[PDB]
Amino acid sequence: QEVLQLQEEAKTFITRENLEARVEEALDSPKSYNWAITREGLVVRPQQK
Amino acid sequence: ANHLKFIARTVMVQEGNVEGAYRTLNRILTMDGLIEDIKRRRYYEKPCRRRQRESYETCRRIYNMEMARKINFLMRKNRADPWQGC
Amino acid sequence: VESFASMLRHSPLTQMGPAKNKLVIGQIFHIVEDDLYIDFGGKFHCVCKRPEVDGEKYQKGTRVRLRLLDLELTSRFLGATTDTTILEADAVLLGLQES
Amino acid sequence: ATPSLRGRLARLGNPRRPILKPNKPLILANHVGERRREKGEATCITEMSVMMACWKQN
Amino acid sequence: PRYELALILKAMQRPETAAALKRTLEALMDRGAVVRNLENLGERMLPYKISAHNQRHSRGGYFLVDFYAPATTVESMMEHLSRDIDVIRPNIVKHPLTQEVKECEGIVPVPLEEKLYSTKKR
Amino acid sequence: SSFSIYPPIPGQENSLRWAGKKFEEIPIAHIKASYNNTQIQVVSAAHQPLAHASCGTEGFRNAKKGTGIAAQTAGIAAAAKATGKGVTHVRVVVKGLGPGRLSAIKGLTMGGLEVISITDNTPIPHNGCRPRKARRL
Amino acid sequence: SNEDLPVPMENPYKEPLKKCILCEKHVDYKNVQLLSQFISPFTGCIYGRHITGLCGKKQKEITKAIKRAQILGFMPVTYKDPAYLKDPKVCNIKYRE
RNA sequence: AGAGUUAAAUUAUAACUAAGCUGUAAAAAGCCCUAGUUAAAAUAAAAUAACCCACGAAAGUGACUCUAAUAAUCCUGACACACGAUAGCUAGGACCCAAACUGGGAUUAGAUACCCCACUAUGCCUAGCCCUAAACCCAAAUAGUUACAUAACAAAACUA
Ligand SMILES: [Mg+2]
Ligand SMILES: [Mg+2]
Ligand SMILES: [Mg+2]
Ligand SMILES: [Mg+2]
Ligand SMILES: [Mg+2]
Ligand SMILES: [Mg+2]
Ligand SMILES: [Mg+2]
Ligand SMILES: [Mg+2]
Ligand SMILES: [Mg+2]
Ligand SMILES: [Mg+2]
Ligand SMILES: [Mg+2]
Ligand SMILES: [Mg+2]
Ligand SMILES: [Mg+2]
Ligand SMILES: [Mg+2]
Ligand SMILES: [Mg+2]
Ligand SMILES: [Mg+2]
Ligand SMILES: [Mg+2]
Ligand SMILES: [Mg+2]
Ligand SMILES: [Mg+2]
Ligand SMILES: [Zn+2]
């Protein structure tokens, strides 16, 4: 399973060709790692702003 | 020093009463131990001496904590006694 | 003849399971000013305060509805060999025996 | 919640090294202590100083 | 994913940023790395003022680079990012997705400790 | 009435003024309250010093300038010299833990000056230099 | 041959164990929001268990994540970042009374 | 153990502003090439978390990152082997701050002390020595039991 999984993920890695495209791609798409918790044990996410 | 100024340990006074704002500040600092820390850093305190303090404090806290717990548990039974002059 | 085990197994006090949050029926056998001494039938009486609503309806002999928290209030404290008993039970007085 | 007592005191059974060395044994006593009377500080000092300024001036 | 590169870049325009990211990743692939992904956490005001390369910096762009690399090479990449004047501050952490979460089964309550003292009657 | 204890961040649209100025434009009253003496300096938002008054400047001498009274007197003085140069409102920054802390603050108010925010910036090392040894060996 | 005698089973009634707000969440130095919850707004101190109320495991994860963030330059050290002031308040401390 | 890094302080150093600053139970001496604010490398030390109790054989270890890594299919065992807090020694480098010594100031009958100010060896890094501590949890290692059973106190009593 691990080898197959990595076999899949490898399609997506950054290479000498993808460099130009991928970089310009990532410069377009900001991501957040941010989220908060509630006293209940619940996750709260910011993107609803 | 490299942080932005005025965002920290800052209280804004309300309706111009300053004594109250200051009280609030002092409570903030007491609560976070900043006051005890400031006071304790005036002189140095050698490591063994500090070890001893921490241990004494924790003992003290355990005892006060537990005594308090027994007070609040026993508290019901302070009511007027039913059986008087039995 | 009924073996003790047989009795214990079917008793209402065994039926209850854990006594936390159980609705129960209890009866007031003693009063000091606001203090109602309620026997709900287990072991120790509990003691609750006379409510504000219909205060005079609570009299020695009355029956009331209780929410049982603890069957006996007991704890161990720092340095003690055994627990300490308050010799009381913990209950919340709900209302009186709606009937 | 009370701080943990497990492993803390130095005992024949305890594997590790002491955390607390209690000065006197941790056993709840049967009485509490008597409340400490408040240390006094001077009173009216502000009004005094204001009056003293008023005098020095006039 | 094996290592995580936390890049804080000097805040600049589009092309120059893109350039810095490109040359950075290239350096990574030359120290023998395999780059999995490139993430952009945006540009913000830095939490405090950061002094690097005779500049005192206020804002910065944030990026993550997940990559696999031979253990030997972290020192090398580190050296490299050190002397790049476009990097505000570099760091390389073991990728947080390698460590897996064990299960808090819950909080085991700790009973008060007993028999700390003998049965002496005072 | 919603009143936040927390100050108004610079990047925020937040509208509060005191005599038409933003929270940032208001002068700063620095107060260093140290065990033998208290010093006060009122300064521009842009950090040009407006006024300076200390317990020493106020003509107390060695031990007396430790006390609260002294501190208050320095406060009043500072505030006078300040209002001369036309500062109505001021944000207090209290540096140090001393006998003169509170006193110099409410001396700033007594002396006809208005305190909006009161900040404590006391050096708290996160363990830099080792302080001098304890008294009475 | 008495059928009414008790059976040596484990306690059926026994409650589940209470959980840290985070049991099986993932604390990551990269999100300063979650972290900045367990800080004092005025000082920047990290709160204790007796405030945050965490499994020792998580209190530890939180501490380490905080310090990591603070030095990698994600999160400010001396004050809670003002943005996150109005997020939900998990901790038990009361300053203003 | 290596290598890399730094938030809070602190300081060289300028820029304004003020005449004082420092210092005590109280003073004096010291400094005014000082003080407050604004800027700042190096050095050293590692708030809070920790009301936690983990790692290491012990001594010890609690800023961050990465690399290497925590003997034994696990009985006891030296004078043999390898380590071992602080202080101290040798050589080279560092020096913020602390500080034996010493010099000033008080105190006192005296004060070769306690208190105040300066400053040094030293505390740091590299390399080598030195092998000592109330190195004490004053409780040997490994398996066990809670039976019999109170000198006293303390951290209950015991078997192999
Ligand atoms: Mg061990
Ligand atoms: Mg003793
Ligand atoms: Mg001695
Ligand atoms: Mg710094
Ligand atoms: Mg130098
Ligand atoms: Mg003189
Ligand atoms: Mg630290
Ligand atoms: Mg082993
Ligand atoms: Mg052996
Ligand atoms: Mg040695
Ligand atoms: Mg040495
Ligand atoms: Mg030398
Ligand atoms: Mg020296
Ligand atoms: Mg000195
Ligand atoms: Mg002398
Ligand atoms: Mg070395
Ligand atoms: Mg030792
Ligand atoms: Mg011995
Ligand atoms: Mg042996
Ligand atoms: Zn948990």
# chains A, B, ... in the order shown; residues from 1 in each chain; ligands from 1
>>> select_by_dssp(residues="range 22-90 of chain E", states="strand (DSSP E or B)", output="ChimeraX atom specification")
/E:34-52,55-68,87-90
>>> write_last_selection(atoms="C-alpha atoms", output="PDB file, in the first residue's frame")
ATOM      1  CA  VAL E  34      13.127  15.711  -4.227  1.00  0.00           C
ATOM      2  CA  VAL E  35      10.551  18.468  -3.869  1.00  0.00           C
ATOM      3  CA  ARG E  36       7.015  17.333  -3.128  1.00  0.00           C
ATOM      4  CA  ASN E  37       5.095  20.617  -2.955  1.00  0.00           C
ATOM      5  CA  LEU E  38       5.245  24.445  -2.710  1.00  0.00           C
ATOM      6  CA  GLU E  39       2.847  26.345  -0.423  1.00  0.00           C
ATOM      7  CA  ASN E  40       2.331  30.045   0.004  1.00  0.00           C
ATOM      8  CA  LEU E  41       1.092  31.340   3.362  1.00  0.00           C
ATOM      9  CA  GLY E  42       0.935  34.874   1.974  1.00  0.00           C
ATOM     10  CA  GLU E  43       2.746  38.047   2.930  1.00  0.00           C
ATOM     11  CA  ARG E  44       2.187  39.514   6.366  1.00  0.00           C
ATOM     12  CA  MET E  45       3.668  41.935   8.782  1.00  0.00           C
ATOM     13  CA  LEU E  46       6.400  39.959  10.607  1.00  0.00           C
ATOM     14  CA  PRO E  47       5.581  39.280  14.283  1.00  0.00           C
ATOM     15  CA  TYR E  48       8.656  41.287  15.298  1.00  0.00           C
ATOM     16  CA  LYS E  49      11.297  43.182  13.382  1.00  0.00           C
ATOM     17  CA  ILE E  50      13.840  40.874  11.784  1.00  0.00           C
ATOM     18  CA  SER E  51      17.397  42.005  11.096  1.00  0.00           C
ATOM     19  CA  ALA E  52      19.102  40.239   8.190  1.00  0.00           C
ATOM     20  CA  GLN E  55      18.410  45.345   6.540  1.00  0.00           C
ATOM     21  CA  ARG E  56      15.791  45.717   9.230  1.00  0.00           C
ATOM     22  CA  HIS E  57      12.622  43.997   7.987  1.00  0.00           C
ATOM     23  CA  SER E  58       8.982  44.553   8.825  1.00  0.00           C
ATOM     24  CA  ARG E  59       6.920  42.530   6.366  1.00  0.00           C
ATOM     25  CA  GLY E  60       7.643  39.197   4.707  1.00  0.00           C
ATOM     26  CA  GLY E  61       6.370  36.497   2.373  1.00  0.00           C
ATOM     27  CA  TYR E  62       5.874  33.030   3.838  1.00  0.00           C
ATOM     28  CA  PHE E  63       6.433  29.718   2.089  1.00  0.00           C
ATOM     29  CA  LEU E  64       6.579  26.038   2.885  1.00  0.00           C
ATOM     30  CA  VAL E  65       8.514  23.539   0.888  1.00  0.00           C
ATOM     31  CA  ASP E  66       7.915  19.873   1.599  1.00  0.00           C
ATOM     32  CA  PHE E  67      10.712  17.685   0.293  1.00  0.00           C
ATOM     33  CA  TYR E  68      12.637  14.463   0.797  1.00  0.00           C
ATOM     34  CA  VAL E  87      15.799  35.338   2.515  1.00  0.00           C
ATOM     35  CA  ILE E  88      14.636  36.978   5.713  1.00  0.00           C
ATOM     36  CA  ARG E  89      14.900  33.774   7.703  1.00  0.00           C
ATOM     37  CA  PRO E  90      15.116  30.031   6.813  1.00  0.00           C
TER      38      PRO E  90
END
>>> residues_around(residues="range 59-64 of chain G", least_positions_apart="3", cutoff="12 Å", atoms="only C-alpha atoms (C1' of nucleotides)", output="NGL selection string")
(:E and (101)) or (:G and (20-39 or 45-56 or 67-71)) or (:H and (48-50 or 52 or 54 or 62-64))
>>> closest_atom_pairs(of="chain G", to="chain B", cutoff="9 Å", atoms="only C-alpha atoms", output="Markdown table")
| residue | atom | partner | partner_atom | distance |
| --- | --- | --- | --- | --- |
| G:40 | CA | B:32 | CA | 8.1 |
| G:41 | CA | B:8 | CA | 7.8 |
| G:42 | CA | B:9 | CA | 4.9 |
| G:43 | CA | B:9 | CA | 6.0 |
| G:44 | CA | B:8 | CA | 8.3 |
| G:45 | CA | B:32 | CA | 7.3 |
| G:47 | CA | B:32 | CA | 8.7 |
| G:76 | CA | B:3 | CA | 7.4 |
| G:77 | CA | B:3 | CA | 8.1 |
| G:78 | CA | B:8 | CA | 6.9 |
| G:79 | CA | B:8 | CA | 5.4 |
| G:80 | CA | B:8 | CA | 8.2 |
| G:81 | CA | B:7 | CA | 8.6 |
| G:82 | CA | B:7 | CA | 7.8 |
| G:95 | CA | B:28 | CA | 6.0 |
| G:96 | CA | B:24 | CA | 6.7 |
| G:97 | CA | B:24 | CA | 8.4 |
>>> select_by_dssp(residues="chain E", states="alpha helix (DSSP H)", output="list in words")
residues 14, 15, 16, 17, 18, 19, 20, 21, 22, 23, 24, 25, 26, 27, 28, 29, 30, 74, 75, 76, 77, 78, 79, 80, 81, 82 and 83 of chain E
>>> residues_near_ligand(ligand="ligand 1", cutoff="10 Å", atoms="only C-alpha atoms (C1' of nucleotides) and all ligand atoms", output="NGL selection string")
(:D and (15-17)) or (:H and (54-58))
>>> interface_residues(of="chain F", to="chain H", cutoff="10 Å", atoms="only C-alpha atoms (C1' of nucleotides)", output="number ranges by chain")
F: 28, 30-32, 36-37, 39-43, 46-54, 56-57, 62-63, 123-133, 135-137
>>> write_last_selection(atoms="N, CA, C and O atoms", output="compact mmCIF listing (two decimals), in the first residue's frame")
# COMPACT_ATOMS: atom_id res chain seq x y z
N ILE F 28 3.80 60.80 24.79
CA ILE F 28 4.08 59.71 25.74
C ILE F 28 4.72 60.22 27.01
O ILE F 28 5.72 60.93 26.97
N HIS F 30 6.90 59.05 29.85
CA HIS F 30 7.72 57.97 30.36
C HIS F 30 7.94 58.17 31.84
O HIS F 30 8.30 59.26 32.26
N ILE F 31 7.73 57.13 32.64
CA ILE F 31 8.00 57.21 34.07
C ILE F 31 8.87 56.10 34.59
O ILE F 31 8.42 54.98 34.69
N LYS F 32 10.10 56.41 34.97
CA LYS F 32 10.94 55.37 35.50
C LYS F 32 10.88 55.40 37.01
O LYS F 32 11.41 56.30 37.63
N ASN F 36 15.17 54.23 44.63
CA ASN F 36 15.63 55.43 45.28
C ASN F 36 15.21 56.72 44.63
O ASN F 36 15.56 57.79 45.13
N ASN F 37 14.45 56.64 43.54
CA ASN F 37 14.13 57.84 42.77
C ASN F 37 13.18 57.55 41.60
O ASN F 37 13.13 56.44 41.08
N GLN F 39 11.72 59.24 37.83
CA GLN F 39 11.97 60.27 36.84
C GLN F 39 10.87 60.26 35.81
O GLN F 39 10.30 59.22 35.53
N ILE F 40 10.58 61.43 35.25
CA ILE F 40 9.49 61.54 34.30
C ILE F 40 9.90 62.35 33.10
O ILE F 40 10.52 63.40 33.22
N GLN F 41 9.57 61.85 31.92
CA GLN F 41 9.84 62.61 30.73
C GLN F 41 8.68 62.53 29.76
O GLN F 41 8.35 61.45 29.27
N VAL F 42 8.07 63.67 29.48
CA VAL F 42 7.03 63.76 28.47
C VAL F 42 7.64 64.04 27.11
O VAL F 42 8.47 64.95 26.96
N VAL F 43 7.20 63.26 26.12
CA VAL F 43 7.80 63.23 24.78
C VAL F 43 6.76 63.27 23.63
O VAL F 43 5.63 62.81 23.80
N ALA F 46 6.55 61.65 18.04
CA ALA F 46 7.68 61.52 17.12
C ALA F 46 9.00 61.42 17.88
O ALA F 46 10.08 61.44 17.27
N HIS F 47 8.90 61.33 19.21
CA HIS F 47 10.06 61.25 20.11
C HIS F 47 10.95 62.50 20.07
O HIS F 47 12.16 62.40 19.89
N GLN F 48 10.34 63.67 20.21
CA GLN F 48 11.07 64.87 20.62
C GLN F 48 10.66 65.18 22.04
O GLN F 48 9.47 65.35 22.32
N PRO F 49 11.63 65.24 22.94
CA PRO F 49 11.30 65.46 24.35
C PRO F 49 10.64 66.81 24.57
O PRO F 49 11.19 67.83 24.17
N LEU F 50 9.47 66.83 25.19
CA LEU F 50 8.85 68.08 25.61
C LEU F 50 9.26 68.59 26.98
O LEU F 50 9.57 69.77 27.14
N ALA F 51 9.24 67.69 27.96
CA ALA F 51 9.39 68.13 29.35
C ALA F 51 10.07 67.08 30.22
O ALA F 51 9.82 65.88 30.05
N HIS F 52 10.91 67.49 31.17
CA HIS F 52 11.51 66.51 32.06
C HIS F 52 11.46 66.93 33.50
O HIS F 52 11.86 68.04 33.84
N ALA F 53 11.00 66.04 34.36
CA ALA F 53 11.04 66.33 35.78
C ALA F 53 11.32 65.09 36.61
O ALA F 53 10.67 64.06 36.42
N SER F 54 12.24 65.20 37.55
CA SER F 54 12.62 64.07 38.40
C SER F 54 12.49 64.47 39.85
O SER F 54 12.36 65.65 40.15
N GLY F 56 14.79 64.46 41.91
CA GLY F 56 16.01 65.19 42.19
C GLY F 56 15.85 66.62 41.71
O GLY F 56 16.15 67.57 42.43
N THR F 57 15.36 66.75 40.48
CA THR F 57 15.07 68.04 39.85
C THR F 57 14.13 68.88 40.70
O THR F 57 14.08 70.11 40.60
N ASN F 62 18.62 62.86 49.23
CA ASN F 62 18.82 61.43 49.03
C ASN F 62 17.65 60.49 49.36
O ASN F 62 17.04 59.93 48.44
N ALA F 63 17.29 60.34 50.63
CA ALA F 63 16.31 59.29 50.94
C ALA F 63 14.87 59.72 50.64
O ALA F 63 14.04 58.96 50.12
N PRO F 123 11.60 46.20 32.27
CA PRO F 123 12.51 45.15 31.83
C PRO F 123 12.26 43.84 32.60
O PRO F 123 12.25 43.81 33.83
N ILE F 124 12.05 42.77 31.85
CA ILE F 124 11.91 41.43 32.38
C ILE F 124 12.84 40.57 31.59
O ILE F 124 12.56 40.21 30.44
N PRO F 125 14.03 40.33 32.11
CA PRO F 125 14.87 39.53 31.23
C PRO F 125 14.30 38.11 31.19
O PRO F 125 13.70 37.66 32.17
N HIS F 126 14.45 37.46 30.04
CA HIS F 126 14.04 36.07 29.77
C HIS F 126 15.27 35.16 30.00
O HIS F 126 15.46 34.11 29.38
N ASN F 127 16.07 35.70 30.93
CA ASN F 127 17.41 35.35 31.39
C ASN F 127 18.64 35.73 30.57
O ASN F 127 19.34 34.89 30.02
N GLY F 128 18.89 37.03 30.56
CA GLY F 128 20.17 37.63 30.20
C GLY F 128 20.94 37.84 31.49
O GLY F 128 20.85 36.99 32.37
N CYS F 129 21.68 38.94 31.61
CA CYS F 129 22.67 39.14 32.70
C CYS F 129 22.23 38.92 34.14
O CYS F 129 21.22 39.43 34.61
N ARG F 130 23.08 38.17 34.83
CA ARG F 130 22.95 37.84 36.24
C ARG F 130 23.00 39.06 37.14
O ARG F 130 24.01 39.75 37.17
N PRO F 131 21.95 39.31 37.92
CA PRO F 131 21.81 40.47 38.82
C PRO F 131 22.76 40.35 40.01
O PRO F 131 23.26 39.26 40.21
N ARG F 132 22.99 41.41 40.77
CA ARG F 132 23.94 41.35 41.90
C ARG F 132 23.49 40.45 43.06
O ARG F 132 22.31 40.17 43.21
N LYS F 133 24.44 40.02 43.88
CA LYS F 133 24.17 39.05 44.95
C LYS F 133 23.24 39.55 46.04
O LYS F 133 23.06 40.76 46.19
N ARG F 135 21.55 40.53 49.75
CA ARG F 135 22.02 41.27 50.92
C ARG F 135 21.96 40.45 52.23
O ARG F 135 21.13 39.56 52.37
N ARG F 136 22.83 40.80 53.18
CA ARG F 136 23.03 40.04 54.43
C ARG F 136 23.44 38.59 54.22
O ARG F 136 22.60 37.70 54.27
N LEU F 137 24.72 38.36 53.91
CA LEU F 137 25.30 37.01 53.85
C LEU F 137 25.10 36.15 55.11
O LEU F 137 25.96 35.33 55.47
>>> interface_residues(of="chain D", to="chain F", cutoff="12 Å", atoms="only C-alpha atoms", output="list in words")
residues 42, 44, 45, 46, 47, 48, 49, 50, 52 and 53 of chain D
>>> write_last_selection(atoms="N, CA and C atoms", output="PDB file, in the first residue's frame")
ATOM      1  N   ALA D  42       0.077  54.874  55.999  1.00  0.00           N
ATOM      2  CA  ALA D  42      -0.359  56.231  56.315  1.00  0.00           C
ATOM      3  C   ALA D  42      -1.604  56.607  55.533  1.00  0.00           C
ATOM      4  N   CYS D  44      -4.459  59.810  54.322  1.00  0.00           N
ATOM      5  CA  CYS D  44      -4.670  61.240  54.101  1.00  0.00           C
ATOM      6  C   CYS D  44      -3.466  61.952  53.487  1.00  0.00           C
ATOM      7  N   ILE D  45      -2.400  61.206  53.209  1.00  0.00           N
ATOM      8  CA  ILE D  45      -1.169  61.790  52.678  1.00  0.00           C
ATOM      9  C   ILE D  45      -1.363  62.717  51.453  1.00  0.00           C
ATOM     10  N   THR D  46      -2.255  62.357  50.531  1.00  0.00           N
ATOM     11  CA  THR D  46      -2.505  63.201  49.357  1.00  0.00           C
ATOM     12  C   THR D  46      -3.042  64.585  49.741  1.00  0.00           C
ATOM     13  N   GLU D  47      -4.097  64.608  50.554  1.00  0.00           N
ATOM     14  CA  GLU D  47      -4.724  65.859  50.988  1.00  0.00           C
ATOM     15  C   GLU D  47      -3.738  66.714  51.776  1.00  0.00           C
ATOM     16  N   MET D  48      -2.909  66.040  52.573  1.00  0.00           N
ATOM     17  CA  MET D  48      -1.825  66.699  53.288  1.00  0.00           C
ATOM     18  C   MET D  48      -0.927  67.415  52.291  1.00  0.00           C
ATOM     19  N   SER D  49      -0.446  66.702  51.275  1.00  0.00           N
ATOM     20  CA  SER D  49       0.516  67.283  50.346  1.00  0.00           C
ATOM     21  C   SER D  49      -0.079  68.479  49.617  1.00  0.00           C
ATOM     22  N   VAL D  50      -1.349  68.365  49.228  1.00  0.00           N
ATOM     23  CA  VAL D  50      -2.047  69.462  48.552  1.00  0.00           C
ATOM     24  C   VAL D  50      -2.132  70.710  49.446  1.00  0.00           C
ATOM     25  N   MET D  52      -0.080  71.375  51.920  1.00  0.00           N
ATOM     26  CA  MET D  52       1.292  71.857  52.098  1.00  0.00           C
ATOM     27  C   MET D  52       1.751  72.699  50.912  1.00  0.00           C
ATOM     28  N   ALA D  53       1.332  72.320  49.707  1.00  0.00           N
ATOM     29  CA  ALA D  53       1.617  73.139  48.530  1.00  0.00           C
ATOM     30  C   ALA D  53       0.917  74.490  48.666  1.00  0.00           C
TER      31      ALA D  53
END
>>> interface_residues(of="chain G", to="chain C", cutoff="8 Å", atoms="only C-alpha atoms", output="list in words")
residues 4, 5 and 13 of chain G
>>> write_last_selection(atoms="C-alpha atoms", output="compact mmCIF listing (two decimals), in the first residue's frame")
# COMPACT_ATOMS: atom_id res chain seq x y z
CA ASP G 4 -28.91 -15.43 42.11
CA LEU G 5 -25.24 -15.02 43.04
CA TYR G 13 -21.99 1.38 33.94
>>> residues_around(residues="range 11-21 of chain F", least_positions_apart="2", cutoff="12 Å", atoms="only C-alpha atoms (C1' of nucleotides)", output="number ranges by chain")
B: 4, 16; E: 45; F: 3-4, 7-9, 23-27, 45, 86-91, 114-117; G: 82-83
>>> write_last_selection(atoms="C-alpha atoms", output="tab-separated table (two decimals), in the first residue's frame")
chain	number	residue	atom	x	y	z
B	4	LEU	CA	5.55	46.72	18.09
B	16	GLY	CA	-11.11	59.13	32.81
E	45	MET	CA	3.67	41.94	8.78
F	3	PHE	CA	-15.26	49.79	25.78
F	4	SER	CA	-12.19	47.75	24.92
F	7	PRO	CA	-5.45	49.68	22.57
F	8	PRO	CA	-6.19	50.59	18.88
F	9	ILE	CA	-3.80	48.78	16.51
F	23	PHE	CA	-4.13	57.12	19.42
F	24	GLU	CA	-0.70	57.08	17.78
F	25	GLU	CA	-0.22	60.85	17.65
F	26	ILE	CA	-0.67	61.39	21.37
F	27	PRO	CA	2.46	62.29	23.41
F	45	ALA	CA	4.71	60.93	19.45
F	86	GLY	CA	0.52	72.45	25.04
F	87	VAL	CA	-0.04	68.75	25.64
F	88	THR	CA	-3.58	67.95	26.76
F	89	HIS	CA	-3.59	64.15	26.69
F	90	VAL	CA	-0.77	61.74	27.35
F	91	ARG	CA	-0.15	57.96	27.28
F	114	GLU	CA	-5.09	63.84	30.91
F	115	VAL	CA	-4.05	60.20	30.94
F	116	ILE	CA	-5.64	58.00	28.28
F	117	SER	CA	-3.64	54.72	28.34
G	82	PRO	CA	-4.23	41.58	18.16
G	83	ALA	CA	-5.98	39.88	15.21
>>> residues_near_ligand(ligand="ligand 16", cutoff="12 Å", atoms="only C-alpha atoms (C1' of nucleotides) and all ligand atoms", output="PyMOL selection string")
chain H and resi 1-3+125-127
